[PDB]
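One structure is given below, encoded as structure tokens.
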Amino acid sequence: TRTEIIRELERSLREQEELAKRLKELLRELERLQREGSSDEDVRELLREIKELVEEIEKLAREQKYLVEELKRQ
Amino acid sequence: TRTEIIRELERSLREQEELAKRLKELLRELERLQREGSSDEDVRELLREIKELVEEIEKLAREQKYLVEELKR
């Protein structure tokens with residue numbers, strides 16, 4: 001039972017890494033668009049995707065809390 | 001101990017929660033700056049802060065993987 005929870009937790013932590021990396025990429029793009037100028041629509045589109053990723057990152061935190069509690073309760 | 005490693009994981013997750021909370025807060029501000037207009041400097045300043053928070057979230061993932069590796073053994 002320990003191993004199965006750990007495998008799921010490890011997947012979740014990998015996902016956290018990947019989402020943070022993607023978020024960094026989008027923020028880099030936003031900085032470029034702001035620096036060289038762009039349409040308001042172009043900025044809003046990046047902000048929308050950035051918002052989605054941050055919401056996904058929040059979800060992972062709740063998952064990981066649950067999985068760590070499972071490991072604690074064994 | 002398993003107990004002490006779990007406590008470290010609990011700490012790291014609390015830190016992750018707080019960063020996520022702050023990150024949403026700053027993004028709301030960023031949306032305001034774009035919506036209501038602002039100096040380029042104000043936007044760049046906020047983006048610098050947001051970038052730092054995201055780097056910490058990535059750092060915490062690596063810390064948490066390290067702690068889980070300890071827990072497995």
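Chain letters run A, B, ... following the sequence lines, proteins first and then strands; every chain starts at 1.
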Between A:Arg14 and A:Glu17, is the closest basic N to carboxylate O distance under 4.0 Å? no

So, taking the atom named CD in B:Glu36 and the one named CD in B:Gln34, what distance separates them when rounded to the nearest 0.5 Å? 11.0 Å

For a quick check under 3.5 Å, do B:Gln64 and B:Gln16 share a side-chain donor-acceptor pair by atom type? yes

Does the distance from a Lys or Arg side-chain N to an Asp or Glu carboxylate O, for B:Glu63 and B:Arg11, drop under 4.0 Å? yes

Salt bridge B:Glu18-B:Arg22, side-chain N to carboxylate O under 4.0 Å: no

Within the structure provided, determine whether B:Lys65 and B:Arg62 are in side-chain contact (heavy-atom separation under 4.5 Å). no

Rounded to the nearest 0.5 Å, how far apart are CG of B:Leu26 and NZ of B:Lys24? 12.5 Å

Contact summary for B:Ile50 and B:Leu30, nearest pair of heavy atoms: CD1-CD2, 4.0 Å

Answer whether the closest heavy-atom distance between the side chains of B:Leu9 and B:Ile6 falls below 4.5 Å. yes

Student check: side-chain heavy atoms of A:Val68 and A:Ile5 closer than 4.5 Å: no

For a 4.5 angstrom cut-off between non-hydrogen side-chain atoms, does A:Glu69 reach A:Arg73? yes

Check: B:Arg2 side chain, A:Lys72 main-chain N or O, donor-acceptor pair, under 3.5 Å: no

Should the heavy atoms of other residues, nucleotides or ligands under 6.0 Å from NZ of B:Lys72 be counted, would the total exceed 12? yes

Atom CZ of residue position A:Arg48 - does it have more than 12 heavy atoms of other residues, nucleotides or ligands inside 6.0 Å? yes

